[PDB]
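At position 394 of the sequence shown (counting the first as 1) the number is 433 in the entry's author numbering, and the numbers step up by one without a gap.
Structure first, then comments.
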Amino acid sequence: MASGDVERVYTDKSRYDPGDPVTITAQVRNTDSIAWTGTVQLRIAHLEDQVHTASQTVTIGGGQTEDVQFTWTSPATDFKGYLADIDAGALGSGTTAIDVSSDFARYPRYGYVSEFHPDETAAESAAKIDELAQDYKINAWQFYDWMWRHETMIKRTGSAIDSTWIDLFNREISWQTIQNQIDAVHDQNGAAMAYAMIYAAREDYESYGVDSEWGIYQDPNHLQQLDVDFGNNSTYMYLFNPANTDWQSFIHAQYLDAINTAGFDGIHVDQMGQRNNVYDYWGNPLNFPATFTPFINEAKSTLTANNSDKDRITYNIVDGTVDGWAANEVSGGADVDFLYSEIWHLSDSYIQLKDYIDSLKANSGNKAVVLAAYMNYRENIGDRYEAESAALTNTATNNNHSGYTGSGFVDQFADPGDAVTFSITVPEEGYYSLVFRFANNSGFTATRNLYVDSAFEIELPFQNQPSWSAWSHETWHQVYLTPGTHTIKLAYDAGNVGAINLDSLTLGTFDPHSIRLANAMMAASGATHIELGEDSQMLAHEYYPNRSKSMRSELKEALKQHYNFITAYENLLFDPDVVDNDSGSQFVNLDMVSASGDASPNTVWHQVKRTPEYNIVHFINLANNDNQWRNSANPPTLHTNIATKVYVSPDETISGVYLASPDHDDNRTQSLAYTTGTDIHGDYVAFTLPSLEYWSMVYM
Ligand SMILES: [Ca+2]
Ligand SMILES: [Ca+2]
Ligand code: NA
């Protein structure tokens with residue numbers, strides 16, 4: 040009785056040049072008591088075609104996990120996704136995608152780095168980079184808030200680069216850590232993109248060589264420069280004019296310093312979004328969104344002159360939507376290598392988001408599109424533990440303010456020696472986000488010390504709110520926990536301040552249902568999603584270090600599948616020749632399953648696309664859910680054996696009907712039996728979809 044499983048399959052790089060050798064590794068576990076000897080088979084497909092096989096005999100000891108490796112010379116034709124399948128017979132199987140692309144900008148799969156601690160060792164830097172590359176095919180990383188000051192990015196004493204420096208939120212950043220992450224990125228053939236603002240400088244900017252004549256103002260008399268107040272009467276960002284050629288000259292030299300000193304491949308240029316009624320120093324009104332494209336193009340040219348292998352650029356189109364602010368200007372005129380857009384509430388539905396991605400493509404000559412679209416934003420979702428049901432220590436229960444959940448909340452939480460002790464149960468080893476719902480109208484920030492299984496973790500702040508009924512869940516802390524029972528104690532110890540009312544503790548959890556639907560919708564429309572970073576953290580908020588939610592292992596598995604599916608089938612998703620097919624919503628029929636062509640709520644949404652070689656039908660299952668992409672969702676209504684008709688041209692040629700999904704069979708393509716026929720409505724191909732859970736793709 041042989042037994043086991045392939046735990047992980049990955050490649051040595053997230054991207055390859057045509058002709059590069061690819062090393063594919065199956066991590067194969069023998070779960071039997073004794074050693075297994077057997078054949079392990081590699082099959083590599085390109086879409087429906089089997090292109091390579093290989094075989095070897097291996098022995099794997101009882102209870103052991105062994106890396107089984109194959110090597111493959113990638114074919115010499117550029118821009119090709121493949122699927123590598125490793126079959127170990129009785130010990131199971133697994134797949135991974137292979138991406139052959141000379142230019143990552145064609146198929147960006149963008150993640151992030153936000154943590155640059157001195158105590159992060161090279162091995163830890165390499166492990167978080169390697170995990171993202173291996174499991175999600177990430178080929179580019181945005182290094183978020185690596186810089187010292189927004190206008191002076193590397194901190195120097197004379198000509199020596201400081202070993203560490205302190206960022207705008209008082210975080211300690213190590214130069215060596217940044218460098219080690221960059222090298223680990225390059226070891227995956229990745230691109231390392233340096234975050235920077237288009238137009239920002241920190242306080243006292245006159246001392247760092249920046250002229251206040253370059254700024255932008257709320258009035259024509261240069262009185263009030265546009266700023267961001269961080270609310271401590273000290274830390275500000277001041278805004279400047281992207282059209283001003285001296286600001287350009289200063290800030291583009293900083294970009295080059297980042298390229299040349301750290302080895303970044305390019306610049307991720309951010310902005311704050313829509314500002315109205317804006318003036319330069321001299322009191323001239325600015326067409327503000329029209330300044331961005333000249334800045335970007337000059338930036339691109341400056342970067343290309345410095346180093347044409349490390350000249351990458353993108354610019355964040357904030358609050359993206361059809362004809363949104365700066366959207367047509369940037370997508371239609373700016374030499375970004377790929378488009379990037381932060382989505383807020385002007386494209387809330389699937390179809391609105393689709394319409395936006397389509398317009399970015401049409402404007403830009405089918406550039407890649409990456410979307411920042413923070414899933415489940417501000418939802419206090421996950422396992423909830425009510426504070427009034429916890430173990431109380433010199434604190435009591437009450438109900439005399441509006442807005443609590445459960446039967447009440449903890450109050451008389453104002454003195455040293457007072458505490459609240461939650462007793463939680465977690466189903467697996469991993470990160471858990473402790474999210475505290477509380478009130479505080481003390482007039483000032485309160486603080487408590489947090490303890491986990493009796494041992495001190497950290498001191499947490501609790502911001503003051505306008506009233507005792509304005510609750511907040513914006514105090515959170517992530518911890519790493521083993522399965523089963525744990526104790527979570529919030530304490531007023533000596534040296535803590537303020538009174539607070541405590542509603543609950545929630546284990547902040549990303550919802551997989553929404554996340555899988557959104558990712559499917561974006562990929563079916565030709566965009567990817569910046570969401571993964573660090574050691575499989577996910578973006579919960581625009582400030583990337585926010586850990587207010589954590590992913591559970593079932594979501595991490597689904598994301599691995601999804602991210603490999605969009606790499607292996609990248610030629611049917613993101614190539615410039617992938618276009619919507621003109622025909623409307625009676626192009627496709629699903630017998631006795633409600634469907635739409637327009638992402639209607641509670642329907643199987645079908646979308647028909649085509650290349651020169653293939654016709655493509657996407658099915659995205661919105662059954663049991665609405666049409667809004669961001670918000671947590673129900674499990675979709677599972678469908679089985681859907682009698683499907685796809686109406687086709689009488690001319691069009693048809694060799695077979697192929698099915699693949701990130702939901703079933705490790706992204707492998709399945710050939711489906713089908714018939715051709717004609718009826719009242721026209722010529723069709725008929726076939727049965729065996730199942731539909733989130734997203735299935737049929738090609739022919
Ligand atoms: Ca409560
Ligand atoms: Ca929804
Ligand atoms: Na139907």
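By construction, the Cβ of each residue, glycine as well, lies at the ideal position given by its N, Cα and C atoms.
Cα-Cα separation between residue i and residue j, rounded to whole angstroms
i, j, result
"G716", "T444", "59 Å"
"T78", "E105", "14 Å"
"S575", "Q66", "19 Å"
"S710", "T98", "33 Å"
"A562", "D117", "21 Å"
"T683", "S462", "51 Å"
"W214", "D309", "22 Å"
"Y582", "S153", "9 Å"
"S273", "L499", "22 Å"
"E609", "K119", "7 Å"
"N670", "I177", "25 Å"
"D304", "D59", "21 Å"
"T353", "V632", "42 Å"
"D397", "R145", "16 Å"
"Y379", "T110", "35 Å"
"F269", "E513", "16 Å"
"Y713", "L728", "10 Å"
"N405", "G312", "24 Å"
"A199", "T526", "47 Å"
"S543", "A597", "30 Å"
"residue 16", "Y149", "Past the boundaries of the shown model lies residue 16; the chain is included only from 40 to 739, so the question cannot be answered."
"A136", "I83", "9 Å"
"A166", "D226", "12 Å"
beta-carbon residue i near ligand 3 non-hydrogen atom, thresh 6 Å
i, result
"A672", "no"
"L661", "no"
"residue 771", "This structure cannot speak to residue 771, because the chain is shown only from 40 to 739."
"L629", "yes"
"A725", "no"
"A365", "no"
"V632", "yes"
Check: residue i C-beta below 6 Å from any heavy atom of ligand 1
i, result
"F448", "yes"
"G442", "no"
"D542", "yes"
Chain-order list of residues whose beta-carbon lies under 7 Å from that of residue i (same chain, five-residue window excluded)
i, result
"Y244", "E190, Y277"
"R195", "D201"
"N503", "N479, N480, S481, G482, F483, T484"
"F155", "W185, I212, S213, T216, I217"
Environment of residue i [buried if 16+ CB atoms lie within 10 Å]
i, result
"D630", "exposed"
"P324", "exposed"
"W321", "exposed"
"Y247", "exposed"
"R68", "buried"
"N660", "buried"
"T62", "exposed"
"residue 25", "A query on residue 25 cannot be resolved here, the shown segment of the chain reaching from 40 to 739 and no further."
"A429", "buried"
Any non-hydrogen atom of ligand 2 within 6 Å of residue i CB
i, result
"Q646", "no"
"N336", "no"
"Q220", "no"
"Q391", "no"
"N641", "no"
"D665", "yes"
Cβ shell of residue i (< 8 Å), same chain only, five flanking positions each side left out
i, result
"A634", "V627, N628, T642, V643, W644, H645"
Cβ-based neighbour list, residue i, same chain, cut-off 6 Å, excluding 5 preceding and 5 following
i, result
"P689", "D722"
"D174", "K599"
"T486", "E498, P500, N535, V536"
"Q391", "none"
"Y238", "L278, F279, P281"
"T203", "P157, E211, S213"
"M192", "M186, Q293, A297"
"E159", "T216"
"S730", "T679"
"residue 745", "Absent from the model: residue 745. The displayed extent of the chain is 40 to 739, so no value can be given."
Can at least three beta-carbon pairs, one atom from the stretch 526 to 541 and one from the stretch 405 to 422, be found at a separation below 8 Å? The stretch 526 to 541, when compared against the stretch 405 to 422, does not touch it at the 8 Å Cβ threshold.
Taking three-plus beta-carbon pairs below 8 Å as touching, is the stretch 550 to 566 in contact with the stretch 465 to 480? These segments do not touch.
At least three beta-carbon pairs within less than 8 Å, the stretch 290 to 307 to the stretch 257 to 276: no
Can you find at least 3 beta carbon pairs, one from the stretch 614 to 624 and one from the stretch 577 to 592, that sit closer than 8 Å? no
Using a Cβ distance threshold of 8 Å, determine whether the stretch 352 to 368 contacts the stretch 327 to 337, with at least three qualifying pairs required. yes
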